[PDB]
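Asks: Once you've had a glance at the structure underneath, I'll fire off some questions.
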Protein chains: 2
Amino acid sequence: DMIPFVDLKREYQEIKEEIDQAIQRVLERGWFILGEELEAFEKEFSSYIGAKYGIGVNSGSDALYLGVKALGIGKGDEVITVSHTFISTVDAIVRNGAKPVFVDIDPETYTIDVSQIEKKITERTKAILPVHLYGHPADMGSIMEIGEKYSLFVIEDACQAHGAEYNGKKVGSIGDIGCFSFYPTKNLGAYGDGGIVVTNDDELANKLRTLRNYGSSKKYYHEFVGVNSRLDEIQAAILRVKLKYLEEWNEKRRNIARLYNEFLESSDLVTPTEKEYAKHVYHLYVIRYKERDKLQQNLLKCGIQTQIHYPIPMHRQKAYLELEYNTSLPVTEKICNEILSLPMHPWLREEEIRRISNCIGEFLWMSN
Amino acid sequence: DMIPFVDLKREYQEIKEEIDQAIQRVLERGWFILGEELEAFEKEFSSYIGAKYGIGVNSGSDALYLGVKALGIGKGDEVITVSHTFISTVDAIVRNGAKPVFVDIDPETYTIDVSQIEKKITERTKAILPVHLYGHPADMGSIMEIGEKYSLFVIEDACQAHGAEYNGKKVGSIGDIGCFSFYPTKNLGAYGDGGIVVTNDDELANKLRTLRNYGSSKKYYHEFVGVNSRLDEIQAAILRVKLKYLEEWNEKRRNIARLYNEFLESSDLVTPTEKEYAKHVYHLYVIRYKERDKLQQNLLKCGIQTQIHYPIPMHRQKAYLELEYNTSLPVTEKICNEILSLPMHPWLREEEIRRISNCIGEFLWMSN
Ligand SMILES: [Ca+2]
C-alpha cells in the first residue's frame, strides 16, 4: 500500500523473457570480460547518442574520473563545475589532483548559471563540467561559446540524462566527452554498477580503453598507471535489451511529469521547468516548497516515499571543506533547503499519481 | 581439438541449475547493489578464510588500492613489495601517492625473498606487501617477524591463492588485511569483475565500507574522497554457490599438478615447488625452460594454449621506468625470461595432461 520511491521488480517482470535470454547467452559463451556484448553495446549506445565511440566502464563515477584523467587534467589545473550535483562529479576532479571552481545554479533549471562561468576562468582553467541535472540539459550553447573562446574542454555529466536533448541534439554528443551512469535506478539502468564514456576523438577513446584495462594497451605492457574499470559482458547484454525501450520509458516519465504538472502547477509547489531548448527526460521530478520538511512528513503519512537530491551541496561536504577554494553560492544553498523529489519512474500506476496529487492537495488545504 | 588455457564453459555446465537459481532470486528481488547476497557472501568468505570481516569491492585491483588507502598509506610513505607480480599490486601503492620499494624473489617459490627486506626499510616504510604468487604462500613467518620488529603493516596479495595455507592457516588471514580477486579465471571466479578485502580490524572494515560507497558512511554525507567499488548482488549470489566447491576444485588442481610433476619433474623443465609450510592451490602451473618462447610456439603447433605470468617485471615497465627504477633484481630478471604457464584448471582430464606431456617430450627430443 506504500508507494516506494522506486520499484525495479516491475521493470524485470515487463521484460523477463528478453533479459533471461541475454544472461543465458553470456553464461553459455563463458566469456565475461571485454567481449562481444560490450563491443556491441558500445556501438549501439554511441550510435544512439550520436558519438563515434563508446568506452564502457564500471560506473558513472569512473566515466567522469577517467574522462578527466584522459584529457590530461591534474595537479595545478582547475575545472569549473557546480556544487549542486552528486558526489562523483566533484570527486572526478579532486581524485585527479585538480581543483574544482564552483558556479551557482539557475534557480529555474537547477543547472549551471552560464552567466557566472566566465568570471571563474583563470590561467589554470582546463575544462567546464556542466551537469544535466534531473534529466534537463544545461544551456549548452552558452557553455560551448565559453569553451571555444577560452580553449577549454567541455565534459558533460549526463549520468541523469540518457536521451535528453539540447536543441534536438542528444546530450553527451556536444562536449569533448559525455559521461553516463547505468546505476540501476538511472533512466537506462543495469543490474549492477556500470557506466560509459562517449566521444568523437579516436585518440581519447584509445587512451580510455588503456586506462580502464589496468593501464595496459597491449598484452604484457603497462604504459601508465591505470585502474580496473570495465562494463561486464552480462551487464552490457542486459543494457542492449533495455536500450531498445529507453525512448518508450522516457516518454512514460514525460507523461507522468505532464500529469504531476496538471495537478501541481496551480499549487504553491514550484514544478520543474522544461526550457524551449530542452527535451527533459525526468530522471527525477523535483519540486520546491518553503516547508519541504513538513511536506515530506505529510506525504509519508499518506504512504508516499520521497527523497532529496541533495540536501547538503558539495561545497558544504566534509570531504571538501579543507581542500576547496572559498566560495559563495546563495542560490544553491537556498534551493537545497527547498527541494523534494516525488516518485518518478516508468512503472508508476494510475492509483499512484492521483493519490500523490490528492495527498499534496489535502496538505496544502490544511496548511492554508 | 585445441586444449585452451582455461574452460569457464565446463565450470558453468557442472553447477548450471544452482547458478541459474541464484541469478533468478536476485532478478526477482529487484535489489542489485549493497544487498543481502553481498552481506551473506562477505560473512561466508571471511569465515572460510578465518577473518572477522569481509568487504566486497569491484576488483582485486581495488581491494589492494582501498586496502592501502584505508591503512593511511600515501604521500611520503614507502611499501616494500616484489617486481615479479601483476600490475595492480604496484599500482595500489602508486595510486595512493606512496612509493614502492622492490625486493627480489626466491627462484624456487617465485615469492618475496624475505632475507632482502630488512636492508630496504627506511623511516618512510609503512608496510610490506607480499604476493602469494601462482597459489603458493610467501614465507609469512619471516614477514610477520619483520612487521612486528619494525612496526609495519602486512598487506597480503592473495588474489591468486584462494584457499592456500601457510603452516595450516589460510592466506589472507595472517596480515592486517587480505586482498582477493574474483576475476573469472581465478580459483574462485565471478561472472564479471569482483574482489574482497578481509580483516579482523572493525575500524578498518568500517573505513573500507565508507570508501567503496562514494566515501559516504551515511545517506547525504561525503566524509572522505572515495570511489565507487562494490561487488554486485548478482556476482555475490554466484560466488556463494561457487565457494561451496572451492576446496573440491582446488583438490582437482592439486591432482593435476601431481600428474604434471610425474611426467615433467625428471625433464629439462623446472617444475613448481611446494614448500613444507605450504598448501599450493595452483592458480597457475608454472615451469622454467631455457628456450620458453620456442617451447610456447611448439605447444601451440600441438594445439595447446600457454601464457606467461609475466614476461616484463614491474621495475622494467614503462609506467615505472619513468620514475627512477634502476633497481637490480637478477632473479626476477632471469626467471621472467624462462617461465611458462601450462593449462591448469579443475576440468582438465588425465589424458589431456598426457597429450601436453607428449608434445613437450617430442619438442625436447627435436631440440636435443
Ligand atoms: Ca562491476
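Quick note on naming: the chains in the C-alpha cells go A, B, ... in the order shown, residues restart at 1 in each chain, and ligands are numbered from 1 in order of appearance.
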Please report as JSON, numbers by chain which residues of chain B come no farther than 6 Å from chain A, using only C-alpha atoms.
Replies: {"B": [8, 9, 30, 32, 191, 192, 222, 223, 224, 225, 232, 317, 318, 319]}
Asks: For the helix (DSSP H, G or I) assignment from backbone DSSP, which residues of stretch 279-343 of chain B qualify? Please present them as a list in words.
Replies: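 Here is the list: residues 292, 293, 294, 295, 296, 297, 298, 299, 300, 301, 314, 315, 316, 318, 319, 320, 321, 330, 331, 332, 333, 334, 335 and 336 of chain B.
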Asks: Can those selected residues be exported to a file as a CSV table (one decimal), in the first residue's frame so that it contains N, CA, C and O atoms?
Replies:
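Here's the written file again36.csv:
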chain,number,residue,atom,x,y,z
B,292,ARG,N,61.9,-20.9,-23.6
B,292,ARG,CA,60.5,-20.9,-23.3
B,292,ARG,C,59.6,-20.4,-24.5
B,292,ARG,O,58.5,-20.9,-24.6
B,293,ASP,N,60.2,-19.5,-25.3
B,293,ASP,CA,59.4,-18.9,-26.4
B,293,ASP,C,59.3,-20.0,-27.5
B,293,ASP,O,58.2,-20.1,-28.1
B,294,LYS,N,60.4,-20.7,-27.7
B,294,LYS,CA,60.4,-21.8,-28.8
B,294,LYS,C,59.5,-22.9,-28.2
B,294,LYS,O,58.7,-23.4,-29.0
B,295,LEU,N,59.5,-23.2,-26.9
B,295,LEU,CA,58.6,-24.2,-26.3
B,295,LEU,C,57.1,-23.8,-26.5
B,295,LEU,O,56.3,-24.6,-26.9
B,296,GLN,N,56.8,-22.5,-26.2
B,296,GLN,CA,55.4,-22.0,-26.4
B,296,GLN,C,55.0,-22.2,-27.8
B,296,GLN,O,53.8,-22.6,-28.0
B,297,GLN,N,55.8,-21.8,-28.8
B,297,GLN,CA,55.5,-21.9,-30.2
B,297,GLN,C,55.2,-23.4,-30.6
B,297,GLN,O,54.1,-23.7,-31.3
B,298,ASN,N,56.0,-24.3,-30.1
B,298,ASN,CA,55.8,-25.7,-30.4
B,298,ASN,C,54.5,-26.3,-29.7
B,298,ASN,O,53.8,-27.0,-30.4
B,299,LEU,N,54.2,-25.9,-28.5
B,299,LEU,CA,53.0,-26.3,-27.8
B,299,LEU,C,51.8,-25.8,-28.6
B,299,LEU,O,50.8,-26.6,-28.8
B,300,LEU,N,51.8,-24.6,-29.2
B,300,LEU,CA,50.7,-24.0,-30.0
B,300,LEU,C,50.5,-24.9,-31.2
B,300,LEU,O,49.4,-25.1,-31.6
B,301,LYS,N,51.6,-25.3,-31.9
B,301,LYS,CA,51.6,-26.2,-33.1
B,301,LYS,C,50.8,-27.5,-32.7
B,301,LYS,O,50.1,-28.0,-33.6
B,314,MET,N,57.7,-5.6,-13.1
B,314,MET,CA,57.1,-4.3,-12.9
B,314,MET,C,58.2,-3.2,-12.9
B,314,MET,O,58.0,-2.1,-13.5
B,315,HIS,N,59.4,-3.5,-12.4
B,315,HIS,CA,60.5,-2.5,-12.4
B,315,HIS,C,61.0,-2.2,-13.8
B,315,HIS,O,61.8,-1.2,-13.9
B,316,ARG,N,60.6,-2.9,-14.8
B,316,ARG,CA,61.0,-2.7,-16.2
B,316,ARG,C,59.8,-2.3,-17.1
B,316,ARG,O,60.0,-2.2,-18.3
B,318,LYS,N,57.1,0.5,-18.5
B,318,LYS,CA,57.2,1.9,-18.9
B,318,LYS,C,56.6,2.8,-17.8
B,318,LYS,O,57.2,3.8,-17.5
B,319,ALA,N,55.5,2.4,-17.2
B,319,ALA,CA,54.8,3.2,-16.1
B,319,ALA,C,55.8,3.5,-15.0
B,319,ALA,O,55.6,4.5,-14.4
B,320,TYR,N,56.7,2.6,-14.7
B,320,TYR,CA,57.6,2.8,-13.5
B,320,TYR,C,59.1,3.0,-13.9
B,320,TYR,O,59.8,3.5,-13.0
B,321,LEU,N,59.5,2.8,-15.2
B,321,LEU,CA,60.8,3.3,-15.7
B,321,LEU,C,60.8,4.8,-15.6
B,321,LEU,O,61.9,5.3,-15.3
B,330,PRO,N,68.3,-9.5,-10.0
B,330,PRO,CA,68.8,-10.5,-11.0
B,330,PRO,C,67.9,-11.8,-11.1
B,330,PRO,O,67.8,-12.3,-12.2
B,331,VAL,N,67.3,-12.2,-10.0
B,331,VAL,CA,66.5,-13.5,-10.0
B,331,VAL,C,65.2,-13.1,-10.8
B,331,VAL,O,64.9,-13.9,-11.8
B,332,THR,N,64.5,-12.1,-10.5
B,332,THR,CA,63.3,-11.6,-11.2
B,332,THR,C,63.6,-11.5,-12.7
B,332,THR,O,62.9,-12.0,-13.5
B,333,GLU,N,64.7,-10.9,-13.0
B,333,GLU,CA,65.1,-10.6,-14.5
B,333,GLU,C,65.3,-11.9,-15.2
B,333,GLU,O,64.7,-12.1,-16.3
B,334,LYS,N,66.0,-12.9,-14.6
B,334,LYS,CA,66.3,-14.2,-15.2
B,334,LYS,C,65.0,-15.0,-15.3
B,334,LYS,O,64.7,-15.5,-16.5
B,335,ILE,N,64.2,-15.1,-14.3
B,335,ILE,CA,63.1,-16.1,-14.4
B,335,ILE,C,62.0,-15.5,-15.3
B,335,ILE,O,61.3,-16.3,-15.9
B,336,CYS,N,61.9,-14.2,-15.4
B,336,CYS,CA,60.8,-13.6,-16.3
B,336,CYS,C,61.1,-14.0,-17.8
B,336,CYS,O,60.2,-14.1,-18.6
Asks: Going by DSSP on the backbone, which bits of stretch 15-165 of chain B are strand (DSSP E or B)? Write them as a list in words, please.
Replies: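 Of stretch 15-165 of chain B, the ones in strand (DSSP E or B) are residues 53, 54, 55, 56, 57, 78, 79, 80, 81, 82, 99, 100, 101, 102, 103, 105, 112, 125, 126, 127, 128, 129, 131, 153, 154, 155, 156, 157 and 165 of chain B.
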Asks: Mind running a least-squares superposition of chain A onto chain B over all the C-alpha atoms, in order, and reading off the RMSD?
Replies: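 So the superposition leaves a C-alpha RMSD of 0.6 Å.
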Asks: Name all residues at most 9 Å from stretch 201-206 of chain B (count only C-alpha atoms; drop same-chain ones fewer than 3 positions away) and give them as a list in words.
Replies: residues 52, 53, 54, 55, 67, 70, 71, 176, 177, 197, 198, 209, 210, 211 and 217 of chain B
Asks: Neighbours of residue B:113 within 12 Å (only C-alpha atoms; same-chain residues fewer than 3 positions away dropped), as a PDB file with C-alpha atoms, in the first residue's frame?
Replies:
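For reference, part-v6.pdb as written:
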ATOM      1  CA  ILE B  80      58.165  -2.909   0.235  1.00  0.00           C
ATOM      2  CA  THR B  81      56.954  -5.405  -2.391  1.00  0.00           C
ATOM      3  CA  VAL B  82      58.070  -7.506  -5.371  1.00  0.00           C
ATOM      4  CA  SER B  83      58.559  -6.601  -9.024  1.00  0.00           C
ATOM      5  CA  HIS B  84      57.534 -10.180 -10.018  1.00  0.00           C
ATOM      6  CA  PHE B 102      61.243  -3.572  -4.768  1.00  0.00           C
ATOM      7  CA  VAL B 103      62.982  -6.691  -3.477  1.00  0.00           C
ATOM      8  CA  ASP B 104      63.900  -9.805  -5.432  1.00  0.00           C
ATOM      9  CA  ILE B 105      62.193 -13.227  -5.343  1.00  0.00           C
ATOM     10  CA  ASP B 106      63.205 -16.722  -4.269  1.00  0.00           C
ATOM     11  CA  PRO B 107      63.774 -18.721  -7.504  1.00  0.00           C
ATOM     12  CA  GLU B 108      62.044 -21.872  -6.055  1.00  0.00           C
ATOM     13  CA  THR B 109      58.766 -20.277  -4.863  1.00  0.00           C
ATOM     14  CA  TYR B 110      58.655 -17.133  -7.083  1.00  0.00           C
ATOM     15  CA  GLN B 116      66.408  -8.893   1.395  1.00  0.00           C
ATOM     16  CA  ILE B 117      63.516  -6.965   3.081  1.00  0.00           C
ATOM     17  CA  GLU B 118      65.196  -5.507   6.201  1.00  0.00           C
ATOM     18  CA  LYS B 119      68.036  -3.685   4.364  1.00  0.00           C
ATOM     19  CA  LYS B 120      65.404  -1.720   2.334  1.00  0.00           C
ATOM     20  CA  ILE B 128      55.250  -4.974   3.392  1.00  0.00           C
ATOM     21  CA  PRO B 130      53.920  -9.948  -0.108  1.00  0.00           C
ATOM     22  CA  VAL B 131      52.283 -11.769  -3.036  1.00  0.00           C
ATOM     23  CA  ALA B 138      55.020 -16.309   0.716  1.00  0.00           C
ATOM     24  CA  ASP B 139      57.186 -17.051   3.828  1.00  0.00           C
ATOM     25  CA  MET B 140      54.714 -15.378   6.194  1.00  0.00           C
ATOM     26  CA  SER B 142      59.584 -14.223   8.335  1.00  0.00           C
ATOM     27  CA  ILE B 143      57.334 -11.385   7.004  1.00  0.00           C
ATOM     28  CA  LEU B 329      66.760  -7.762  -9.284  1.00  0.00           C
ATOM     29  CA  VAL B 331      66.482 -13.460 -10.021  1.00  0.00           C
ATOM     30  CA  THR B 332      63.320 -11.634 -11.215  1.00  0.00           C
TER      31      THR B 332
END
Asks: Give me the residues near residue B:178 as a PyMOL selection string, where near means some atom within 10 Å (using only C-alpha atoms) and where sequence neighbours in that chain fewer than 3 positions away do not count.
Replies: chain B and resi 46+49+51+54+63-64+67+154-159+171-175+196-200
Asks: Deliver the residues from the most recent selection as a file, using N, CA and C atoms, as a CSV table (one decimal), in the first residue's frame.
Replies:
chain,number,residue,atom,x,y,z
B,46,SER,N,34.7,-14.5,4.6
B,46,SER,CA,35.6,-14.2,5.7
B,46,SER,C,35.7,-15.4,6.7
B,49,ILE,N,38.1,-18.0,5.3
B,49,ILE,CA,39.5,-17.5,5.4
B,49,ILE,C,39.9,-17.5,6.8
B,51,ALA,N,38.9,-14.8,8.9
B,51,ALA,CA,38.9,-13.3,9.3
B,51,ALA,C,37.6,-12.9,9.8
B,54,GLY,N,34.5,-9.2,6.0
B,54,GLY,CA,34.7,-9.2,4.6
B,54,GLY,C,34.1,-7.9,4.0
B,63,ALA,N,40.6,-3.9,-4.2
B,63,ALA,CA,40.9,-4.5,-2.8
B,63,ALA,C,42.2,-3.9,-2.4
B,64,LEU,N,43.2,-4.1,-3.2
B,64,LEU,CA,44.6,-3.6,-2.9
B,64,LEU,C,44.7,-2.1,-2.7
B,67,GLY,N,42.7,-1.0,0.3
B,67,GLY,CA,43.4,-1.5,1.5
B,67,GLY,C,44.5,-0.6,1.9
B,154,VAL,N,51.2,-5.4,7.3
B,154,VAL,CA,51.4,-6.5,6.3
B,154,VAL,C,50.1,-6.6,5.5
B,155,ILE,N,50.2,-6.4,4.2
B,155,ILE,CA,49.1,-6.5,3.3
B,155,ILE,C,49.3,-7.7,2.4
B,156,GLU,N,48.4,-8.7,2.5
B,156,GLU,CA,48.6,-9.9,1.7
B,156,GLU,C,47.9,-9.7,0.3
B,157,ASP,N,48.6,-9.9,-0.8
B,157,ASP,CA,48.0,-10.0,-2.1
B,157,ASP,C,47.8,-11.5,-2.3
B,158,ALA,N,46.6,-12.0,-2.0
B,158,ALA,CA,46.1,-13.3,-2.1
B,158,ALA,C,45.2,-13.5,-3.3
B,159,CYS,N,45.3,-12.7,-4.3
B,159,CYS,CA,44.4,-12.7,-5.5
B,159,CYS,C,44.6,-14.0,-6.3
B,171,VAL,N,45.9,-18.3,3.8
B,171,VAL,CA,46.4,-17.0,3.4
B,171,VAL,C,45.3,-16.0,3.3
B,172,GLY,N,45.6,-14.7,3.6
B,172,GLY,CA,44.7,-13.6,3.7
B,172,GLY,C,44.2,-13.4,5.1
B,173,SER,N,44.4,-14.3,6.0
B,173,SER,CA,44.0,-14.2,7.5
B,173,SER,C,45.2,-13.8,8.4
B,174,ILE,N,46.4,-13.6,7.8
B,174,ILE,CA,47.6,-13.5,8.6
B,174,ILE,C,48.0,-12.1,8.8
B,175,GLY,N,48.0,-11.3,7.7
B,175,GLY,CA,48.4,-9.9,7.8
B,175,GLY,C,47.3,-9.0,8.3
B,196,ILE,N,37.5,-8.7,-2.9
B,196,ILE,CA,37.2,-8.5,-1.5
B,196,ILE,C,38.4,-8.2,-0.6
B,197,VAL,N,38.2,-7.4,0.4
B,197,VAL,CA,39.2,-7.3,1.5
B,197,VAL,C,38.7,-8.0,2.7
B,198,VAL,N,39.6,-8.8,3.3
B,198,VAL,CA,39.2,-9.3,4.7
B,198,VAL,C,40.1,-8.7,5.7
B,199,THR,N,39.6,-8.7,6.9
B,199,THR,CA,40.4,-8.1,8.1
B,199,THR,C,39.7,-8.5,9.4
B,200,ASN,N,40.5,-8.4,10.5
B,200,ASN,CA,39.9,-8.5,11.8
B,200,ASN,C,39.7,-7.2,12.5
Asks: So which one's closest to ligand 1, B:354, B:280, B:212, B:242? Using only C-alpha atoms and all ligand atoms, please.
Replies: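 Checking each of B:354, B:280, B:212, B:242 against ligand 1, counting only C-alpha atoms and all ligand atoms, the winner is B:212.
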Asks: Any idea what's packed within 6 Å of residue A:346, counting only C-alpha atoms, ignoring anything in its chain fewer than 4 positions away? Could you give it as a list in words?
Replies: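 Final neighbour list, sorted by chain and number: residues 249, 252 and 253 of chain A.
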Asks: Quick one: distance from atom CA of residue B:22 to atom CA of residue B:38 in Å, one decimal?
Replies: 12.4 Å
Asks: Hey, which of B:356, B:344, B:236, B:93 ends up closest to ligand 1? Count only C-alpha atoms and all ligand atoms.
Replies: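 Answer, going by the shortest atom-to-atom distance: B:236.
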Asks: For a quick check of understanding, using only C-alpha atoms, which of B:149, B:240, B:355, B:283 has the smallest distance to residue B:187?
Replies: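 Among the listed residues, B:283 lies closest to residue B:187.
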Asks: Taking only C-alpha atoms and all ligand atoms into account, name the residue in A:41, A:5, A:153, A:182 that is nearest to ligand 1.
Replies: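 Closest residue, counting only C-alpha atoms and all ligand atoms: A:182.
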Asks: If you measure from atom CA of residue A:189 to atom CA of residue A:237, what distance in Å do you get, rounded to one decimal?
Replies: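 Those two atoms sit 12.0 Å apart.
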